[PDB]
Structure formats: C-alpha cells, structure tokens
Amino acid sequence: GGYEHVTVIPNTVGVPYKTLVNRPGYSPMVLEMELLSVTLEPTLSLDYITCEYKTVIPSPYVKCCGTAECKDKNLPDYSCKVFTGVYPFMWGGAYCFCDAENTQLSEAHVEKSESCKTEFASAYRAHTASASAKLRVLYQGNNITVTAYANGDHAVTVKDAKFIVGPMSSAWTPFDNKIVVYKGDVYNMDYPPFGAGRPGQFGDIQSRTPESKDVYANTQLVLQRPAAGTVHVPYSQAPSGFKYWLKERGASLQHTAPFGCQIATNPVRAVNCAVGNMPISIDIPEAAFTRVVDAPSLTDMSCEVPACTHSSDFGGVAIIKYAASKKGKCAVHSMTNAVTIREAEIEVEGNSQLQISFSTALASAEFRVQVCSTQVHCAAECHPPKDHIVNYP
C-alpha cells in the first residue's frame, strides 16, 4: 500500500538535495533532503590509562651506632639502600652519638598521583565503527527529521513514511586500530602495551582504570647518597612521561583528519566526514500520491529569465506563465542536471504566473522546468559573481 523511492546523494553535510518521485499514473512529487550530521562511532576497548606518577618517600631511618637492613617489598619501582659512615646534623647539633658507625636507610616507591582521577590519558583499541545519520526531509510542505543507523537495515517511520538510510559506500574511519583520548582531543598513537612502558615516555606509569588498586611502574628510580651532615633522600629519576606528552603531543585528529572530519568525545566519534555517497530508501504511503487526472493540467506554458548570476547559491530568478485546468498544488523540478530549483511545490490556479529561484554554474543555461506533468524550456544568460571563493557547500 505505497511506493518505494530509492535515491543516492553525496555524503556532504549542509547541502539541500532535490529528488523527483515519479509513480506511474500518479502526479510527480519533489522531496528536499539535507544531511544535518553523519556520525561514525568506533567500538572501544580500554587497554590502560596513564597519568602523573607520585614518588612516595617516607622519613629516612637513621640508625645511630648500628646497621640498618633493607627488606624486599612488593611495591611498584621499590628501591632500598643503606648508606654507611653517615653523620647527619639537626638544628641543635648532631643526631648521632657515634661518628663512623652510623647508617641511613633510604626507601621509595612509585604509585598513582592524586591528580589521576581528574588528569589522565586513556589508551583505547578501536574496532568496527558504527555509522548513523540525521536527515532533514521537506515532506508535504513540512520539515521532518529522521535519525537512523547508516547500515541499510534500521527502518524509521515518520508520518507513515518508512526511511532506510545506507549502507555507506566508504567504510573509511579517521581512527587507527590504537587510539589515545585526552579530555576532548583524540590522537592516532601506537602506544606501548600493558606492562611494557618505558621511563620518561608515554606509559611510564600504567593502570587499568583511574580508580584501580594495582599499578605498573618503570620510571628508573635510583636512590643517591645524602649530603654531608644533611637528612634528605636524594634520587635520580626520569621525569613524568604524561607531562612530557602533554607538550609534545602536537595537533589532535580534530585538526589533522582528512575529509574535514570533526572529532568529538564522550563517546568518541567522527562527525561530518565528507567521504563517498549515501543511499536513501523512502516508502511513501498511498495517501500522499495524487492521480494525474485529479491533478491540474498545465497548458500554454512560457518561460522568461529577468535576472541570473552563476553562483553556488540560487542566483537566478525565473518567471513562468501558465494556463491551468483547475486549482491545486504542482511539483516543480529541473529536467537538466546543471540547474537546481529552490521551490519543490507551488499553488497553481487559472491563467496566472509563478516565480522560481534557481542555481547554476553555466554562463548560458538552457534548462527544462517540469511543473506538475508538463515541461517548459527556460533561456538564461547568467553573469559572473562578485567573489571567486564561497563560505558554504
């Protein structure tokens, strides 16, 4: 109980495309379609997270007139060393009684910092990406919005009309197999795996989640001998790999991705990627179609172009004189692919005239306009525009 119209439009956001619906024996129908947003959401799998590390150093155990002993502790990057022949000083003199038989125990371990809850970079593994589109359709003089997955299976019914979007001609994605996410920025990075991090580089500190209990650390923590008569724990350690990455990361995918892709987070997605085409299937119901006999018959048609400028927008105006059989609504469509008309449907009655806006790139545009079921030839002499570059597609 209807008619299925199948059409293919280019995958470009912000451009209104016109399509002619011609059901045999029924008056033609014109539909205006515009892609509002095309979203490519990749399937994520979190490997690990990285943040700033915290070197936990307790008070050094200074043993006066005796030897200190280091015990092996199950802590990340745990370092322990006992220094002999120490003589430390405090505000009111020496801390130890002996001079040559005193020892100092220095111990330190690496763990996640307090900032890890707020400041962190997530290492994801991108899988098969899901495509979805938001389409604006000018159906029966009203604008309707259709949101569906671009897979050619998900059907969405809006005003008794069934819409099937896709499948996408190109399976292209700006993301690689391994991606890194920081706040609102996504980076294509071949990050080191879990338990294989290097000191001073991205992944020097690794953890499953920002609230996880266990932590992997490789920061090259080496304890040094303290200064003469000084109580302190000196150490040599490679600086934070996360802090170094924050200044060396460069430009994110929002600025580097091809086809003019817009990158958003929470969840991560590719928005408005101008790549390939998109097929659209519309199952228009029986009630929407009007018979050719029940539609007004157009006779004695003539066309005149009083103003034209060949631009990307509708820089042409056309006046079409007509003689109608009865009062009714008629569809307006350009039979020449080089010219596009702004109007889709206008009211027709008696011996009157209609005004239409058209867009063309040709200097001498000869096009045919189909009002209802009758055609009329238009002669247009279009002139060059003011600017060579435009800010609209």
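A residue's number is simply how far along the shown sequence it sits, counting from 1.
- Stretches 79-87 and 169-177 differ in mean C-alpha B factor, with the higher average recorded for 169-177.
- Stretches compared: 328-336, 50-58. Higher mean C-alpha B-factor in the entry: 328-336.
- Note on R136, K162, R269, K321: the highest value goes to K321, judged by CA B factor as recorded.
- Reading the B-factor column for the CA atoms of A307, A217, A287, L253 in the entry, the top value corresponds to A307.
- Sort the modelled residues of the chain by CA B factor and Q237 lands in the lowest third.
- The deposited CA B-factor of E32 belongs to the lowest third of values across its chain.
- The PDB entry assigns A94 a C-alpha temperature factor belonging to the highest third of its chain's modelled residues.
- Among all modelled residues in this chain, the alpha-carbon of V6 has a temperature factor (C-alpha) in the lowest third.
- Ranked by C-alpha B-factor against the other modelled residues of its chain, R225 falls in the lowest third.
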